[PDB]
Amino acid sequence: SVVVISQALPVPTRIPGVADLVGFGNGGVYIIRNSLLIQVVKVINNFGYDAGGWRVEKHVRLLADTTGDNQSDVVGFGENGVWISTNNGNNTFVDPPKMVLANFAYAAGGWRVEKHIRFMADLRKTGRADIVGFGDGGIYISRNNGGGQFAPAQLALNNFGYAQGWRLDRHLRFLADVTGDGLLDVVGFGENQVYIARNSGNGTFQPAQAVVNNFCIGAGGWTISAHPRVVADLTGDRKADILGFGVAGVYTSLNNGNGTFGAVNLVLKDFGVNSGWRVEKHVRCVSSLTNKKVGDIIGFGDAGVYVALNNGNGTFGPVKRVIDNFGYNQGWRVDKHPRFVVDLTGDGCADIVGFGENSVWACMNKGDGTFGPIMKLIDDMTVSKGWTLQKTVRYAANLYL
Ligand SMILES: CC(=O)N[C@H]1[C@H]([C@H](O)[C@H](O)CO)O[C@@](O)(C(=O)O)C[C@@H]1O
Ligand SMILES: CC(=O)N[C@H]1[C@H]([C@H](O)[C@H](O)CO)O[C@@](O)(C(=O)O)C[C@@H]1O
Ligand SMILES: CC(=O)N[C@H]1[C@H]([C@H](O)[C@H](O)CO)O[C@@](O)(C(=O)O)C[C@@H]1O
Ligand SMILES: [Ca+2]
């Protein structure tokens, strides 16, 4: 697959890759490096609930390469600005973090987790992540000029902001390449249309264009509470398509290749409301599970994990239950046990990792979208070791390649 940044998954992971696990726990930052030694290493005495007073409801914590060396850094949008702990290359990070910009923060700019979105993204092909925020006035960017130097925030576009009516309980915003030039464009599921704003590569986005009159709360009755939507390449040309988990099942609108979109089609009669899928019980993902390197469908359902494989053109094979685990029936809960679909083995076919009640578990893809047995990774970064959704943040992330 390709680099798409979403609200649900603001830290993209590489296909192929051997993703690491990163936890912002009470006591600070801990990593599990993907390797022959599986252990938890504490790396930063900060960015934690107790270590610095970091709060899920006030602050944002991400990973991103802010230097251009393909190593991920820790990035926190704190009370009064943006703090970065850079990767030292050896499973250590700079501590204390450095405050790079007095903006995009609770008390510097009036940023609110419940109103605004903050990402890091290399928006100008410099190799380094710029700060990008969907704020009040529109989209703001702080340019990453290297050496830890971030420029004062500049308005990238006067759209997709709270002022323009954008709401986290109604609407969705993504960064994804819809043209194939490698620049991440805005894709926004608004009140009545899906819009794109083309990335000009210079810290600005072009005027919004409506591309589809569906997939929205006011067009087709798509709600945040029942009908998740994603953007992902379903054909293998590196250009992002639209995919929605609706009522009858999965609908898509395919990119024509130039960032305009096709008609909306029902392509699979599963993974929707009518087949019993529920945002409160289940996790629904699109990731590459095969050597076709396109978006396949993965659902963590009741009885286990279900998969429908993309034929390579956005049509799908039959739904198969591939693992009898990680499901609601096995006690896995959306509010307690983070589950990710990411490559942990370097073959290009995404695997499964789940932060369970007692242990972190993984289940590896055989290379063809079928899976091996469940494997216990470590007894840490779990509910029973004091990690909750309300006080901790957990990601899969490529710290290195
Ligand atoms: C959340 C958010 O967007 N904050 C931004 C605000 C709002 O757009 C305006 O306060 C809307 O009135 O504008 C700034 O120029 C500012 O005043 O500091 C930049 C800041 O980062
Ligand atoms: C959330 C959302 O879709 N906002 C869009 C709105 C709404 O469609 C109107 O509020 C409907 O009346 O219209 C705009 O032209 C605007 O206000 O600049 C574009 C903006 O992106
Ligand atoms: C969420 C969802 O599945 N929406 C689907 C809707 C709704 O079923 C009806 O609009 C509700 O009355 O039906 C469509 O034909 C439409 O109107 O666009 C396709 C769309 O994908
Ligand atoms: Ca794999």
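Values below: all heavy atoms of this structure, side chains included; hydrogens, waters and symmetry mates excluded. Start at 1 and go down the list; that is how both ligands and their atoms are numbered. Just so you know, residue 1 is the first one in the sequence shown, and it goes up from there.
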Point to revise | Nitrogen or oxygen of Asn192 less than 3.5 angstrom from that of ligand 2 | key: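 Checking ligand 2 against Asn192, no N or O pair falls under 3.5 Å apart.
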
Using a strict 4.0 Å cut-off to heavy atoms of [X], name the atoms of ligand 1 that fall inside it.
{"X": "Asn103", "value": "20 (C), 21 (O)"}
{"X": "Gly135", "value": "3 (O)"}
{"X": "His116", "value": "1 (C)"}

Considering residues, nucleotides and ligands other than [X], do more than 12 of their heavy atoms fall under 6.0 Å from its [atom1]?
{"X": "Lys125", "atom1": "NZ", "answer": "yes"}
{"X": "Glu191", "atom1": "CD", "answer": "yes"}
{"X": "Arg238", "atom1": "CZ", "answer": "no"}
{"X": "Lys281", "atom1": "NZ", "answer": "yes"}

Exercise for review: Please work out which of the three classes, parallel, tilted or perpendicular, describes the rings of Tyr251 and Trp222, given edges at 30° and 60°.
Suggested key: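 Perpendicular, since the angle between the ring planes exceeds 60°.
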
Point to revise | Residue from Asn144, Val75, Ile84 passing side-chain contact (heavy atoms from CB on, under 4.5 Å) with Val100 | key: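 Exactly one pass, corresponding to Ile84.
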
Please list the nearest protein heavy atom to [atom] with its residue and the distance rounded to 0.1 Å.
{"atom": "atom 3 (O) of ligand 2", "value": "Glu191 N, 2.9 Å"}
{"atom": "atom 9 (C) of ligand 1", "value": "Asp136 CB, 4.6 Å"}
{"atom": "atom 5 (C) of ligand 2", "value": "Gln164 O, 3.9 Å"}
{"atom": "atom 8 (O) of ligand 1", "value": "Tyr140 OH, 2.9 Å"}
{"atom": "atom 18 (O) of ligand 1", "value": "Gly109 CA, 4.3 Å"}

Taking the cut-offs as 6.0 angstrom to the six-membered ring centre and 45 degrees off its axis, would you call [X] and [Y] a cation-pi pair?
{"X": "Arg167", "Y": "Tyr162", "answer": "yes"}
{"X": "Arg284", "Y": "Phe245", "answer": "yes"}
{"X": "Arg394", "Y": "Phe24", "answer": "no"}

Can you list the atoms of ligand 2 that are under 4.0 Å from a heavy atom of [X]?
{"X": "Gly190", "answer": "3 (O)"}
{"X": "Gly165", "answer": "1 (C)"}
{"X": "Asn159", "answer": "19 (C), 20 (C), 21 (O)"}

Considering only protein heavy atoms, determine whether one is less than 4.0 Å from [atom].
{"atom": "atom 16 (C) of ligand 1", "value": "no"}
{"atom": "atom 12 (O) of ligand 1", "value": "no"}
{"atom": "atom 20 (C) of ligand 2", "value": "yes"}

Review point. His116 pairs by ring-ring contact (aromatic ring centres under 6.0 Å, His included) with which of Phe104, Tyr106, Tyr140, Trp111?
Key: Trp111

Point to revise | Rounded to 10 degrees, the angle O of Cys349 makes with OD1 of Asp351 at the Ca ion (ligand 4) | key: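 Here the angle at the metal atom is close to 80°, to 10°.
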
Point to revise | Metal site angle (apex the Ca ion (ligand 4)), OD1 from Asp343 and OD1 from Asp347, 10 degrees | key: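 Vertex the Ca ion (ligand 4), arms to OD1 of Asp343 and OD1 of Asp347: 90°.
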
Review point. Judging by distance only, is a nitrogen or oxygen of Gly137 under 3.5 angstrom from one on ligand 1?
Key: yes

Point to revise | Test log, rule ring-ring contact (aromatic ring centres under 6.0 Å, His included), inputs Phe189 and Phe174 | key: CA-CA 9 Å; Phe189 296 77; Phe174 297 81; 5.5 Å; yes

Exercise for review: Scan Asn87, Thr86, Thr66 and name whichever one has a side chain to side chain donor-acceptor pair (under 3.5 Å) with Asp73.
Suggested key: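 Filter result, single survivor: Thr66.
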
Review point. Between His171 and ligand 2, which part of the residue brings a heavy atom under 4.0 Å of the ligand: side chain, backbone, both or neither?
Key: side chain

Check your understanding: Has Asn365 got an N, O or S atom lying less than 3.0 Å from the Ca ion (ligand 4)?
Key -> no

